[PDB]
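Data block below; observations after.
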Amino acid sequence: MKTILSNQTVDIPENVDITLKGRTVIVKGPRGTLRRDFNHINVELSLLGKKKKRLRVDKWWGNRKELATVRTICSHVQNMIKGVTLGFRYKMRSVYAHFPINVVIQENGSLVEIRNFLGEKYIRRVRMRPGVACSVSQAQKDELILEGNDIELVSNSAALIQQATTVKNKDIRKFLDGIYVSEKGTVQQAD
Amino acid sequence: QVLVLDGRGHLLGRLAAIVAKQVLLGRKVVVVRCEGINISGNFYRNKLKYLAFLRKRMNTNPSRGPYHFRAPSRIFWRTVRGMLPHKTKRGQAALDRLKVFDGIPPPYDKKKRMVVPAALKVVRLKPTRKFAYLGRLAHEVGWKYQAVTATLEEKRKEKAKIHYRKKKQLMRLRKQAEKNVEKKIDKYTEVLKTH
Amino acid sequence: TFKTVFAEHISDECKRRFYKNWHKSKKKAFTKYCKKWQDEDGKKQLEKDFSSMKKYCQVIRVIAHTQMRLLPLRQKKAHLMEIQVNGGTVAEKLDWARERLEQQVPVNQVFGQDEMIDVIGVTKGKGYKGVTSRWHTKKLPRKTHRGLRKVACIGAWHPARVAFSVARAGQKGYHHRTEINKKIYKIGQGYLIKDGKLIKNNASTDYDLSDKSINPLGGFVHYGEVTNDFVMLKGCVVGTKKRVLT
Amino acid sequence: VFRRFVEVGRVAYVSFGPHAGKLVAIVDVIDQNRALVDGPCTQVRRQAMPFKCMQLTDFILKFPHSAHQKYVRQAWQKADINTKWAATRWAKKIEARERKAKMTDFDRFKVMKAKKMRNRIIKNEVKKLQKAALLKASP
RNA sequence: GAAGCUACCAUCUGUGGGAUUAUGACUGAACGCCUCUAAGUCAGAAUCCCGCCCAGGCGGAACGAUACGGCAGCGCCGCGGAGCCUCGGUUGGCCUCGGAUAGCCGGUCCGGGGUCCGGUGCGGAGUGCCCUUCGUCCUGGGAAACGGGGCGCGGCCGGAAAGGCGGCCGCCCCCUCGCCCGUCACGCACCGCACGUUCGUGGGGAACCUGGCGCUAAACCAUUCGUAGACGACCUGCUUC
RNA sequence: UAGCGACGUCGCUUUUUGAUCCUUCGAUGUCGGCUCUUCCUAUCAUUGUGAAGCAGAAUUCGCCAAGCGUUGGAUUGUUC
RNA sequence: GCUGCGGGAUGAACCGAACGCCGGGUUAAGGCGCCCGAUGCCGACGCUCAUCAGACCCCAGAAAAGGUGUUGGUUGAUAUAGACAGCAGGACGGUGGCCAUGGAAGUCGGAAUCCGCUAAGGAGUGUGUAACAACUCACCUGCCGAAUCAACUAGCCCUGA
Ligand SMILES: [Mg+2]
Ligand SMILES: [Mg+2]
Ligand SMILES: [Mg+2]
Ligand SMILES: [Mg+2]
Ligand SMILES: [Mg+2]
Ligand SMILES: [Mg+2]
Ligand SMILES: [Mg+2]
Ligand SMILES: [Mg+2]
Ligand SMILES: [Mg+2]
Ligand SMILES: [Mg+2]
Ligand SMILES: [Mg+2]
Ligand SMILES: [Mg+2]
Ligand SMILES: [Mg+2]
Ligand SMILES: [Mg+2]
Ligand SMILES: [Mg+2]
Ligand SMILES: [Mg+2]
Ligand SMILES: [Mg+2]
Ligand SMILES: [Mg+2]
Ligand SMILES: [Mg+2]
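Protein chains in written order, with my numbering: chain C, 1 to 191; chain S, 1001 to 1195; chain A, 2001 to 2246; chain W, 3001 to 3139.
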């Protein structure tokens, strides 16, 4: 119905800094930096506040799907702020059948090698994303921890792991086996 | 004489309409950077329509019949063929006058390239509609020369930067010369008569 | 092709390749080109070509030919081959080629034993043969008037043409064909100089250990008396006897 | 980015239409496409004109919402839009385009001879300055 | 039973990259939550396209030889003179990727950020440049220290995607009018009239007289050949060692 | 409502048959078989998937999908 | 048929319009991105994304049915005597009610259907164990905070194809 401006409001804490050269958002913080492009949306991104860091995501007339799109920018900016302050940690417990799933890492935690794989002899290799570090958890059986900054990269790597571990050509109501994403959270707790 | 047209950011049918109108009058028009001509609609749909165009072929003999070009310059040349009366010796002379090039030749590196405002993507499309690249389509279907053309394009872009820095240095020198004095007697007349 | 730079001393077999009638020709090829080699002022305009060759080219192919005097054939014409050097950078490929101009290339230098190397050539000459011998279609029975070795139906009515996939009377053989993935067994030299007065020592393996040559007892049928390097290939190789293969 | 928006009380140029080359002031927006405009001292009557027909400028006024012609005129003459509008480069550009449209043949002859003399003196000075640049770069 | 043809009746070989469909997903609103979707990403196959493999276009390259004999004939540069045919223009503009919810220019600092201008674009194609110059003579005011043209000379390659004009140094015979304003007098003033002015020493073919520098062959037939052949076509030999 | 689905009802195709006679009566050679090429999908199998009353095996129902296969025979002139 | 011409690309019947040979102007039927004459109007208002878009009487393709895909429209219901969502807590006693019997103890069934505590419990919306049990919902309440929900209807597009 050609609705006049819809604006979303983002508060940015003092621990991080933001810089926009247009629709490109570059957020620098304690756990690295992260930059993204919003070139394909055409929504105004303004900031205000002398060391107060109040971001506004403002869209004029548009349509209903574009008024839906203007909140997506605010949500991904919130996700980038959470990833640059705390980071993303995904915990994956290996729900295993009679055959266990032996998981090792090869190249700095960026190459997850899966063996014994529902009894299949084929050793499987999964190459992760540039910017995500994986590890095998201690004091817990067959837990796989994926730590990183970008939620899209971390969760796409976890999706590649949970789709690499897939029961094929059988019933998947029985044979509940695979490496599923158990817990989603942050690296630094109590925040 | 010659009309050297840029191909970046133009739409296929709009640019083909303007070129096919201006080539029947006699102005020798050359469309350069043909790999950058955009096509509105979804890119999956554009390659589906081009796959259907490939599926169209004569069954009794495929050679004697439809000739399906994969290069984007020849794609635009077939697009202007379908709009000119090419079975007659008016559209045949118009296709002889028309030249098309993927990438940029050296004389068109030398000369200045025009941009048609009525055929532009920004002018003719709402900015939330999907589009396509004819070079992306041509590399995805058939035309195996995207990497060589992109390498030569980056080379001539570096050449264009190293020419533009020299031209901008000369323009700063001539505006220093205009900042200097003993020229204003003609300049008052020029300001009173449209500087 | 950017530019082609030949060598200086070009052999008579290459000159027989460049000419058609060697008898009627006055044998005048490459006189001015050898004059360009001899001239010192022509050398600076020749080494400038290699300095341009290092800068503007990526694929370098080296022309080589064969020595026909070491064969029992009768052709006496060499065969020129562009061979793409797939080495490192253009600079050291050009340095390798200029170092090895006017030189011989054995088979042990590039090829080796137990290597899986494809063969390219031209098939046998069977001539203008018929349909059942070309396309191997089924014969018609005995009761058929107007032929037995024919395709009996070509097309339907509504396509009022002949389809290009219909088996018809094509010429059998003398076609360019490539066969892939053939293993080399033995690359062996033969007929070395007179320290040992004449060594045969071919097809003499670790378990044979006898005096034997390349050729069979009585020479090769329709080829001759092989006295050179030879590649011992697996299976069946496209072509007749006495035929050029790459 | 977005230095100018439409507003109750903003002067705006008109490029297309029978009122071309004239300023108006936007009183209020009707519905998304047309806005009621008014000009007290710019020879244009209070009516509704489209946004793509008009052209936004950078000067603002202080109107009440849907005020009368008297209050529009008083806010106009308090803001002094005419002298301040002549004192910008934009009106100089439009006036120069009008002068180039209103040239005659003798004026074009004078412009061409002054153009030759200026471009010759500029070319000689550019040559002298690049000669001095080479003389500086030679040590 | 030789040679030769032939048999899944003997024997050898048959080869991988991309975007994606179905589908499963990620982040994520609409719709506080959810969601594979509305924008954006991931995996994804006998399907598709290409690689490999075949014949290579009224398609283009690089190189060689480029007509003796006794006269001859043929190339490159610069030529002055004449003639037939064909068709078109009446200045060429020597160039930054990119963006349109963004972008141009200038500039201390370590390609980047801060700062300064301009912006329905004037560092602009509603543009810029030699240009609306018919020429000459005489004499004066501005600007001009590069001169300003080249049969020019020696060097550089810029330019590799289909390249030939442009820039620098040193000389050469001159110009101090290579230009803007003022004075003077002339050139056809062809007496009202069209196709006039242009890149034209326009494109190519056949010849005319002359200077300089060079060139001295190759196909096709005939004969032979068999690795090929219906005929043509294709691969081949020929020397006086 | 995994798979089915009456009583009713809306469609698609010309692989059957029927209806009409529009062309063909100074003739379009009228069944079946053999050989051979090409196309469609409403998929029998294979590749990749979704759902079951899918424990495995074996099946059944759907999607993308026509690239490649889709036999040897006794009977009948047979189509069948 | 006996009849040309301009449009419908092509046409016997469609729409205009009927014909001596020509010059100028105007128009119908139609059309104005290029073929192909003419919108190269600084045309106006909105609708539509379709991985099988759509594009003009006869005329050359399609239905019943469906869509939390958007766009209007109608009829209602809620909400500061703080709703819809979201998260969290409670969800009893009479009574293991009554007809049944292998069990029905809100959950296969037939009938019925009330009261107390209440802030609230329906002789109970579903899942489950064969039952008895556990879970959730109606209903009530804790935090948040002001707009929200339901059923029809017809325009485009999609599935049906
Ligand atoms: Mg099974
Ligand atoms: Mg033979
Ligand atoms: Mg018979
Ligand atoms: Mg999907
Ligand atoms: Mg009839
Ligand atoms: Mg009949
Ligand atoms: Mg007949
Ligand atoms: Mg017939
Ligand atoms: Mg007949
Ligand atoms: Mg098939
Ligand atoms: Mg009548
Ligand atoms: Mg008609
Ligand atoms: Mg029609
Ligand atoms: Mg008329
Ligand atoms: Mg009309
Ligand atoms: Mg027209
Ligand atoms: Mg019909
Ligand atoms: Mg609806
Ligand atoms: Mg439809």
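Note that CB positions come from ideal geometry on N, CA and C, so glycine has one too.
Mind pulling the beta strand (DSSP E) runs of 3 or more residues that sit fully within the region 2149-2237 of chain A? If we require 3 residues or more, the beta strand (DSSP E) runs fully inside the region 2149-2237 of chain A come out as 2176-2179, 2184-2188 and 2230-2233.
Give me whichever residues DSSP pairs with residue 17 of chain C in a beta bridge. Note: residue 17 of chain C sits in a beta bridge opposite C/28.
Interface residues of chain C facing residue 3051 of chain W [CB-CB closer than 9 Å]: Within chain C, no C-beta atom comes nearer than 9 Å to that of residue 3051 of chain W; the closest sits roughly 12 Å away.
Run through chain S and tell me which residues come within less than 7 Å of residue 2072 of chain A, C-beta to C-beta. Chain-order list of chain S residues neighbouring residue 2072 of chain A: empty, with the shortest C-beta distance near 44 Å, by a criterion of under 7 Å.
Counted within 10 angstroms of its Cβ, other Cβ atoms place residue 191 of chain C as buried (16 or more) or exposed: When all chains shown are included, residue 191 of chain C counts as exposed.
At a Cβ threshold of 9 Å, is residue 1035 of chain S touching chain W? Proximity of residue 1035 of chain S to chain W, defined by a Cβ-Cβ separation below 9 Å, is not satisfied.
Report the CB separation of residue 2102 of chain A from residue 2225 of chain A in whole angstroms; it is logged as a contact under 8 Å. Taking C-beta atoms under 8 Å as the contact rule, residue 2102 of chain A and residue 2225 of chain A fail to qualify, at a distance of about 28 Å.
Less than 9 Å separating the beta-carbons of residue 1143 of chain S and residue 1072 of chain S? Yes, these two residues count as a Cβ contact at 9 Å.
On the three-state DSSP scale, how would you describe residue 2009 of chain A? Residue 2009 of chain A sits in coil when the DSSP states are folded into three classes, being neither helix nor strand.
Residues of the region 1166-1190 of chain S whose Cβ lies closer than 9 Å to any Cβ of chain W, in chain order: Residues 1170, 1173, 1174, 1176, 1177, 1178, 1180, 1182, 1183, 1185, 1186, 1187, 1189 and 1190.
Among A/2156, A/2154 and A/2139, the one whose alpha carbon lies nearest that of residue 2148 of chain A: Of the listed residues, the one whose Cα sits closest to residue 2148 of chain A is A/2139.
What's the gap between the Cα of residue 126 of chain C and the Cα of residue 117 of chain C? Each residue's alpha carbon lies about 13 Å from the other.
Quick check: what's the CA-CA separation for residue 2249 of chain A versus residue 167 of chain C? Any property of residue 2249 of chain A remains undetermined from this structure, which presents chain A solely from 2001 to 2246.
Member of A/2207, A/2231, A/2206 and A/2153 whose CA lies at the smallest distance from the CA of residue 2214 of chain A: In this structure, A/2231 is the residue among A/2207, A/2231, A/2206 and A/2153 with its C-alpha nearest to the C-alpha of residue 2214 of chain A.
Return the first residue and the last residue of the alpha helix (DSSP H) that residue 1013 of chain S is part of. Residue 1013 of chain S: member of the alpha helix (DSSP H) spanning 1012-1023, first to last residue.
Going by beta-carbon coordinates alone, are residue 44 of chain C and residue 61 of chain C separated by less than 9 Å? Cβ atoms of residue 44 of chain C and residue 61 of chain C: not closer than 9 Å.
In this structure, what does DSSP give as the bridge partners for residue 1034 of chain S? Beta-bridge pairing by DSSP links residue 1034 of chain S to no other residue.
Distance between beta carbons of residue 1046 of chain S and residue 1137 of chain S, contact taken as under 8 Å: Between residue 1137 of chain S and residue 1046 of chain S the beta-carbon gap is near 6 Å, inside 8 Å, which marks them as a contact.
Are the beta-carbon atoms of residue 3064 of chain W and residue 3008 of chain W separated by less than 9 Å? Yes. Within cutoff.
Any C-beta of chain A under 9 Å from that of residue 1105 of chain S: Output row for residue 1105 of chain S: interface = no.
Taking CB distances under 9 Å as the criterion, tell me whether residue 1061 of chain S reaches chain A. For residue 1061 of chain S, a Cβ of chain A is located within less than 9 Å of the residue's own Cβ.
Taking Cβ positions only, does residue 1195 of chain S come closer than 9 Å to chain W? Yes, residue 1195 of chain S lies at the interface with chain W (some Cβ there is under 9 Å from its Cβ).
Contact list for the region 147-171 of chain C against chain W, Cβ threshold 9 Å: Residues of the region 147-171 of chain C whose Cβ lies closer than 9 Å to any Cβ of chain W: none.
Members of the region 1111-1132 of chain S that neighbour chain C once the beta carbon cut-off is set at 9 Å: Cβ contacts with chain C: 1127 and 1128.
Counted within 10 angstroms of its Cβ, other Cβ atoms place residue 3109 of chain W as buried (16 or more) or exposed: Per the 10 Å Cβ criterion, exposed.
Does residue 120 of chain C come within less than 9 Å of chain S when only Cβ atoms are used? No, no contact with chain S.
Would you identify the three-state DSSP class for residue 3048 of chain W, choosing helix, strand or coil? Strand.
Check whether residue 1098 of chain S and residue 1019 of chain S have beta carbons under 9 Å apart: For residue 1098 of chain S and residue 1019 of chain S, yes; Cβs fall inside 9 Å.
Taking the continuous beta strand (DSSP E) assigned at residue 186 of chain C, which residues delimit it? For residue 186 of chain C, the enclosing beta strand (DSSP E) starts and ends at 183-186.
Mapping the DSSP letters down to three states, classify residue 1181 of chain S as helix, strand or coil. Residue state, collapsed to three classes: coil.
Report the rounded CA-to-CA distance for residue 2216 of chain A versus residue 2072 of chain A, giving the unit in angstroms. Straight-line Cα distance between these residues: approximately 15 Å.
Compare the beta carbon distance of residue 2119 of chain A and residue 2238 of chain A with 9 Å and say whether it is the shorter of the two. Remark: C-beta atoms of residue 2119 of chain A and residue 2238 of chain A approach each other more closely than 9 Å.
Tell me which residues share the same chain as residue 83 of chain C and place their Cβ nearer than 8 Å to its Cβ, disregarding the 5 neighbours each side in the sequence. The beta carbon of residue 83 of chain C lies closer than 8 Å to those of 31, 34, 148, 149, 150 and 151 in the same chain, with the five residues before and after it left out.
How about residue 3033 of chain W and residue 3018 of chain W: are their beta carbons less than 9 Å apart? No, the Cβ-Cβ distance between residue 3033 of chain W and residue 3018 of chain W is not below 9 Å.
Please look up how many angstroms separate the CB atoms of residue 3026 of chain W and residue 3004 of chain W, rounded, as I've assumed it's under 8 Å. Not a contact, Cβ separation roughly 11 Å.
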